[PDB]
Every structure is written in structure tokens, then in C-alpha cells.
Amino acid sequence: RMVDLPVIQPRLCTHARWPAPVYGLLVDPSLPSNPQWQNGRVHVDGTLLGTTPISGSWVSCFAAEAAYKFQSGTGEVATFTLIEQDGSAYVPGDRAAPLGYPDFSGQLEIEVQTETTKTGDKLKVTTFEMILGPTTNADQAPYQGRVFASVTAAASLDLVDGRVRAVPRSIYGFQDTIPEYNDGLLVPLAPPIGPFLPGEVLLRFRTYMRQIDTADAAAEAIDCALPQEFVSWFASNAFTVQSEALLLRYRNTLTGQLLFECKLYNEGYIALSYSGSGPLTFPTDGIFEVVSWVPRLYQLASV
């Protein structure tokens, strides 16, 4: 079967690096051209790269066996022994972390189901604070299956150890650089996105994260190369690659207007020919359609 794409508008899609809707579609030459994102990375033949998961509910989340201890001056401290989010054992291998683990930096608020021994309460949802990166003094090693989080508390929360699923509540001091995967040491990583022909720039699917910011009210953008629906589409179909890249058209299904042509490289990113200096945003109610295979040197018409 010839490679095709799901008939879904980006505005109805799921983001691949933060569990939120896709809100924007744009190119921006002023941003880093070859980001080393580890989630939202898939090959057109279906191979998942980095820590990319299948389901959008795995994105920027983790699962663990949790052990709780109270330390005066810090609060309730959680030691998370990581597990793959479906329950199967996590073994350090050719990826940076368990599938879906956050691939950005900053201080992340996470939510977990906690059980207490305090009389009159049993099940509650506790917000924890967890530093991600870029460098920490907390010795985070998700590659080895262990991370530390804490909640500021004057007395012990009296929590019972057990299994948890952690979901992200907010990001503080966001930086789009890979987190501390292995206490400062190196890990296997999906390569930087690229290369691009001269004049080609990355197409960005953008969402905005819940954030903590003491001084700035502007929304915090985060980009991914492909929406999560495209990731599971390629992973489920397992197409055969018949050339070097795919020529795509982004067109309004109602009006028929062709908005642009772009190139979907085999390695899982989309390029547009754009010479402008500033960011150019696109409507999100179009549809991507595969036109044909093209060589990597195929020259696109500029946006």
C-alpha cells in the first residue's frame, strides 16, 4: 500500500511532547534548526525513535514504584524507581529513559495518587516537584530508572509506598534542552532532526504548557515534529519505504486552496522552503495529503 496520512486537521490532533491539543502550525528560522527532541520521533516505516511512545497519554509522564520518606528542611521526598508505563520492566538500553519520559528541562510539577496512614484520609492526589534539567544537583538518572521528587511540607504527609502514575501539572523555568538523563553522563539519543536543504526549515506543531511564571504572562510554547496521531499512524501501518522522502500537500478541504507543499523526510520530520526572517504561522484546519516519493534534493516552492 502506498504511504498515506490520516485525514485529520492539526487543530484536532494531539501534541507529541506535552499532553495537550495542537494549537499552532508554523515555521520559525530564528529557533534552533536541529532540535534533539526524544519524543514525537518516528520513522515513516513505523520505527519509534528515542523515547517516543504510541499513546498520547504516555507523553511527558512516567510510572514507578514509589518510596516516601520525610526529610526535615526539604519535606516529603519521593524516590521513584521507574517502570515502563504499561507495567513491563524498564531495562536500560538504547533509549534515554522509559518511553514518554519528559525530554525538556526545567522544574516539573507532577501529580500522583498517594495513600496516607493519617486517620480520616486514605486516597489523595499529591503534587510533587521534580527538577528535570538541564543540569541538577539532585542526581536524576531516569536512564538508570531512578528520579527524585519532593513536596515542601512542615510535617510528614505519612504516605505509604506503592505504584504510581505521574502526570505533568506545570513546568517552571522551561528550557527546550534535553534533561539530565544519567546524572550528567551520556545516554543513547535520537539524533538531531535534520538535515535540511539550503532554504528548508522545520515545520513545527505547537502547543502551550501549563506553567509557573512569577513575572511573565506570555504562554510557553513547545514544538514537536509530528502530532501524536501521525506517530501511531506510522507505527501501526508499517509502510515500506520506496524512496528518500515524501512530497506532501497541505490544503483546505473545503475551499480546495493549496496552502503549501512540503517534504516529509523518511526520518520523521517535515521541511518547508522558507526564506523569511521571522516566524510564519499557518492555518490549522488543513489536511496533509501524500503526493509522491521524491529525492532528498527535491526543490520545493517557497512558502
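Residue numbers here begin at 1 and follow the sequence given.
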{"query": "Higher-scoring stretch by recorded Cα B factor average, 200 to 208 or 69 to 77", "finding": "69 to 77"}
{"query": "Average Cα temperature factor in the PDB entry - higher stretch of 97 to 105, 121 to 129", "finding": "121 to 129"}
{"query": "C-alpha B-factor winner, where the candidates are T152, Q228, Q85, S170", "finding": "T152"}
{"query": "From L48, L247, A64, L259, residue of greatest CA B-factor", "finding": "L259"}
{"query": "Position of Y274 among the chain's modelled residues by C-alpha B-factor, lowest, middle or highest third", "finding": "highest"}
{"query": "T253, C-alpha B-factor rank within chain (lowest, middle or highest third)", "finding": "highest"}
{"query": "Third of chain Cα B-factors occupied by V112", "finding": "middle"}
{"query": "Lowest, middle or highest third - CA B-factor, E180", "finding": "middle"}
{"query": "Record-listed C-alpha B factor of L31: chain third", "finding": "highest"}
